[PDB]
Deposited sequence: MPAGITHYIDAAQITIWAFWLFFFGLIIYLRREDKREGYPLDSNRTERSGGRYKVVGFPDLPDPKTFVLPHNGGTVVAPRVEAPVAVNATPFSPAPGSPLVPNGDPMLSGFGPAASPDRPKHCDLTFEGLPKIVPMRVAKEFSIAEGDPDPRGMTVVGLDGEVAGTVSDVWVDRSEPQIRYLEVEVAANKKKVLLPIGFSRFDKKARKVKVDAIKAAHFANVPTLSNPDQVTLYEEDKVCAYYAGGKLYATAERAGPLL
């Protein structure tokens, strides 16, 4: 027809494009599908190293009840957390149940471990040793002090700070991402939670390591405080 080659080349592309999106929208569904009342792609298997295991995606995961109740029966309505908001494990305090194994270095040793275990590690020349500083919650009260430092042995860095809580002398983790330093005073400010809240931070089923399961529970705890650490945070700003 009055059809030119530039035309037919644009058709081919778009044909490959549409086909592409489809492939991509199928991979977008290797997690979280089928939805809660592009098709699903046949499972793909990941072969974990060392001891290992085997993950498939998409997989069928058993539902886990929600620790909250519909603020309203209308669909699309939010839910209120049950009990003491920070205890809930709902909303910003939520988290899934990741494996109860530890992430491993290439050799296969608990990757994330404290400086009292990765013998080698060491603070950096011009940088304060966090060890021994005072942790202060969102309002100011002291919380405890840094009893140690957990690090990644694969990609050398501080992932967590160990925290000996005063109020109970228990050791809890604090992700670096939630900790701001104030070197010129040697403090480790913490907007996440209040001094008191440090008492309920999930604890380690071994003081020489943390599991994927345990990492989430920790961060999630602190995160919850971002909306549940105050009765005004949780509310508007208007």
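Enquirer: Note down, first to last, the deposited-sequence stretches for which the model contains no C-alpha atom.
Expert: No coordinates exist for the deposited residues in 1-6, 44-58, so these stretches are absent from the model.
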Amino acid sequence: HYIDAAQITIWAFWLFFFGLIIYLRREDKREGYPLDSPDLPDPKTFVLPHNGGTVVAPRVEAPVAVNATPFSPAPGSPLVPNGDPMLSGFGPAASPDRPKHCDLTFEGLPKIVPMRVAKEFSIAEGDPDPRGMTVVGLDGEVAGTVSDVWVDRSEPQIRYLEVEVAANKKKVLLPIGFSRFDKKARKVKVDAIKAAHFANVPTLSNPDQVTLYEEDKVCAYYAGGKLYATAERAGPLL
From here on, numbers count along this sequence of modelled residues.
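Enquirer: Averaging CA B factors per stretch from the PDB record, which one is higher: 27-35 or 180-188?
Expert: The deposited B-factors put 180-188 ahead on the C-alpha mean.
Enquirer: If you average the Cα B factors in the entry, which is higher, 76-84 or 98-106?
Expert: Stretch with the higher mean C-alpha B-factor: 98-106.
Enquirer: Per the entry, which of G53, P58, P202, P70 tops the list for Cα B factor?
Expert: By C-alpha B-factor in the record, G53 ranks first.
Enquirer: What third of the chain does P156 rank in for C-alpha temperature factor, lowest, middle or highest?
Expert: Answer is middle: the recorded C-alpha B-factor places it there.
Enquirer: In terms of the CA temperature factor given in the entry, to which third of its chain does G89 belong: lowest, middle or highest?
Expert: Lowest third of the chain for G89's C-alpha B-factor.
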